[PDB]
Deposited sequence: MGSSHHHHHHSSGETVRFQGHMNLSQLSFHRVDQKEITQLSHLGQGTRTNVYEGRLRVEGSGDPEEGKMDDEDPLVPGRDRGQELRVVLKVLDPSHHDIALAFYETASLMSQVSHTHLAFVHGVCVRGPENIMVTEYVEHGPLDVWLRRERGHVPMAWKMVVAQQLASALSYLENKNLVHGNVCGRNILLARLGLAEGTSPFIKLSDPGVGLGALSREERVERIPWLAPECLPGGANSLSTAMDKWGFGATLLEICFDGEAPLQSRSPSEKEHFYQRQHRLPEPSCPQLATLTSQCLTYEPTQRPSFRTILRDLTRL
């Protein structure tokens, strides 16, 4: 990745928080988003640099751009693309009950296209969820279509604690609780989240209840949209090898 000097960036409004990060709007000497990692252990910083490296070596219409990394004292900052309308799950909740099925199907194909590209290069995202799908275009006007970008996955999944992995249920693949196959589960859980207008299954459950659900191999709900019922059931199987490829899904 490219090294960004702190003199080149300006930090502005707080947008949200990610795993061990704070997300801000900023400027790059361009409007950008700064993902500021908390003062962390070197294993976390390394997992953060690996994500920056991954995202800097890939290029796809539906993957967000990474400008580089800035080290500012104990803070590691990923300088990333600012996407106009921000996270999908937030927008879906605000528009609940008024998002058509045809709109949701365009998003699903766009996400599957980004993930087919990653699968073809044997690259793992590991954090596919509605919060990480950014809306570049809303597709609300007649004769327009939405346009998404999959955000970077942030701190790599391998560096997170068990508690953080439990917090990621139901997007977390069950084999990760104790491969590219994990993104098929994340994709399936995100399609459920989309079908339910940004209300993910198991959102009102405790960490203990979420861990129990996976330990007993309980299966996530069938979506309310019949067009994605078979696809989600095939993606949300506990046996990773039985999940379909993104070429097939797409």
*asked:* Lining up the deposited sequence with the coordinates, I want the ranges that have no C-alpha atoms.
replied: 1 to 28, 58 to 84, 234 to 239, 312 to 317
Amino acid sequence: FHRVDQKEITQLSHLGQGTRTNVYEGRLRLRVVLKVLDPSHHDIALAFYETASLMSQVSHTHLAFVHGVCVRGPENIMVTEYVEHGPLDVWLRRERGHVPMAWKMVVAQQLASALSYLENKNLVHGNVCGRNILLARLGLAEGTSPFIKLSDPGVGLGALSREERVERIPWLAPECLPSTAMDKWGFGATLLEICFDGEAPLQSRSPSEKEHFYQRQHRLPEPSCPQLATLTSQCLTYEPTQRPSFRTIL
From here on, numbers count along this sequence of modelled residues.
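For the two forms, the rigid core is made up of the largest set of C-alpha atoms that agree within 1.5 Å on superposition.
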_Once everything is fitted on the core, do the CA positions of 94 to 102 or those of 71 to 79 lie farther from the shown form in 8 other deposited structures of this protein?_
71 to 79
_Mean Cα B factor from the PDB record: higher for 38 to 46, or higher for 211 to 219?_
211 to 219
*In the PDB record, does 223 to 231 or 15 to 23 carry the higher mean Cα temperature factor?*
223 to 231
*Between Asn76, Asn122, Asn132, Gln109, which carries the biggest CA temperature factor in the record?*
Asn122
*Of the choices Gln57, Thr190, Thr61, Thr51, which one's C-alpha carries the largest B-factor in the record?*
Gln57
*Third assignment of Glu142 from its chain's C-alpha B-factors*: highest
*Could you say whether, by C-alpha temperature factor, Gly186 belongs to the lowest, middle or highest third of its chain?*
lowest
*asked:* Sorting by Cα B-factor within the chain, modelled residues only, which third would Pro153 end up in: lowest, middle or highest?
replied: lowest
_Chain-relative CA temperature factor third for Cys70_ = middle
*Consider only the C-alpha atoms of the modelled residues in this chain, order them by B-factor as the entry records it, and name the third containing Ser113: lowest, middle or highest.*
middle
